[PDB]
Amino acid sequence: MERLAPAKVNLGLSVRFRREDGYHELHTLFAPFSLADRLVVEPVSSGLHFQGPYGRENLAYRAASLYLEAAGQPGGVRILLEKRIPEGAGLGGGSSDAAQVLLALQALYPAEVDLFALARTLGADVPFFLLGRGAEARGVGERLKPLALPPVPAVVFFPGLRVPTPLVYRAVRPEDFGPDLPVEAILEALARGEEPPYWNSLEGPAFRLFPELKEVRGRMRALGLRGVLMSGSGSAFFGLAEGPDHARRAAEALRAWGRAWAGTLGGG
């Protein structure tokens, strides 16, 4: 079986306050983006044979192991993961990989396994990717409500500036806290091709600590992209294009400074 595991971007991210539990309450939109890892998943008589980054620590490996356990060890599987999405950049490739492995095994080895229970065990964004569409999220990003997003042309850019993800959160200050995102107005702005009334509260600390990031945004703005945001905790950025040729040409120009892809954001 072949599968495609699409990326996501956070189409706006607002840090609402610090919770009684010490994490930050978010309000954020998750939008699928068409850049996708390719997975080949095939049943075999025995064993779990996995090729991809991180070996046994890969979320998709853990997904397969959990599934086969839940299903009463119905047989083996061979999984090949070909990465197209950069890792640890706010794009959710690993979570998407794991979702597709769950869905593939569900088809290959039906056994009334509760995929969402497994996905919540795996955590991160696996429950989101199982939905196959956009979502509005609260809590720490895990409390989901489905959201229909208009499909629009977009560009994702990866500058190669990795820091541990807790850093950007530890750097957040009360002065960075925002209101809820105006969800309907953001959707309207996407469909109308306007500048969306969104923000990413994490850009507060991130641009203060890493001024290189403002240069990334400026470069994307100069190519005509609208609504340029760092995606979640970063460091990937996205921007909205006027049309598919514009997305392609802006992505091509950005390759001078890093990795870029033209695609579609939203769609379900």
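- Method of determination for the deposited model, per the PDB record: X-ray crystallography, at 1.70 Å resolution.

## Points about the domain arrangement of the protein
Then, number 1: For the protein, the assigned domains read domain 1 (1-148) and domain 2 (149-268).
Then, number 2: The C-alpha centroid of domain 2 is placed 22 Å from the C-alpha centroid of domain 1.
Then, number 3: Contacts between the two partners involve 34 residues from domain 1 and, on the opposite side, 37 residues from domain 2.
Then, number 4: Of all residues in domain 1, the largest losses of buried area upon contact with domain 2 belong to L11, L13 and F33, amounting jointly to 21% of the total for that side.
Then, number 5: Across the domain 1-domain 2 interface, the total number found is two salt bridges.
Then, number 6: One salt bridge connects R16 with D180, and the closest N-O pair in it is separated by 2.8 Å.

## Points about the layout of surface pockets
Then, number 1: Space inside the second largest pocket adds up to approximately 250 Å³.
Then, number 2: Lining of the second largest pocket is provided by 16 residues; of these, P6, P32, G132, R133 and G266 occupy positions nearest its centre.
Then, number 3: Looking at the lining of the second largest pocket, the elements that each hand over two or more residues are β1 (2-18), β2 (24-44) and α4 (126-131).
Then, number 4: Top element by residues in the lining of the second largest pocket is β2. It accounts for three residues.
Then, number 5: Among the residues forming the lining of the second largest pocket, the class breakdown is seven nonpolar, eight polar and one charged.
Then, number 6: Domain assignment of the residues forming the lining of the second largest pocket places at least three in each of domain 1 (1-148) and domain 2 (149-268).

## Concerning the UniProt feature "active site" in the protein
Then, number 1: When the UniProt feature table is mapped to this numbering, "active site" covers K8 and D125. Over a stretch of 118 residues, the named residues converge on one spot in the fold, their C-alpha atoms separated by at most 9.5 Å.
Then, number 2: For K8, a relative accessible area of 6% gives the class buried.
Then, number 3: With residues up to four places along the chain from it excluded, the contact list for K8 reads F30, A31, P32, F33, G90, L91, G92, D125, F128, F129 and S231.
Then, number 4: A polar contact of 2.6 Å, which involves the side chain of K8, links it to the side chain of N10.
Then, number 5: Mapped onto the elements, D125 comes out in the loop between α3 (115-122) and α4.
Then, number 6: Residue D125 is classed as buried on the basis of its relative accessible area, which comes to 17%.
Then, number 7: Those residues in contact with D125 that sit more than four places away from it in its chain are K8, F30 and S95.

What counts and how
- Residues numbered from 1 in each chain as written, not as in the entry; some residues may be left out.
- Heavy atoms only, no water.
- Domains from an automatic or database assignment.
- Contact = heavy atoms within 4.5 Å.
- Buried area = accessible area lost by both parts, 1.4 Å probe.
- Salt bridge = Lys/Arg side-chain N within 4 Å of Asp/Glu carboxyl O.
- 1 Å grid on protein atoms, 1.4 Å probe; cavity = no way out; pocket = protein on both sides within 12 Å on 5 of 7 lines; lining within 4 Å.
- Points joined across faces, edges and corners; volume = space filled by probe spheres on them.
- Helix = DSSP H or I, 4+ residues; strand = E, 2+ residues; numbered from the N terminus.
- Nonpolar A, V, L, I, M, F, W, Y, C, P; charged D, E, K, R; others polar.
- UniProt positions renumbered as here; feature names shortened; annotations may be inferred.
- Buried < 20%, exposed > 50% of the residue type's maximum accessible area, 1.4 Å probe, protein only.
- Polar contact = N/O pair within 3.5 Å; in protein donor to acceptor, adjacent residues only side chain to side chain.

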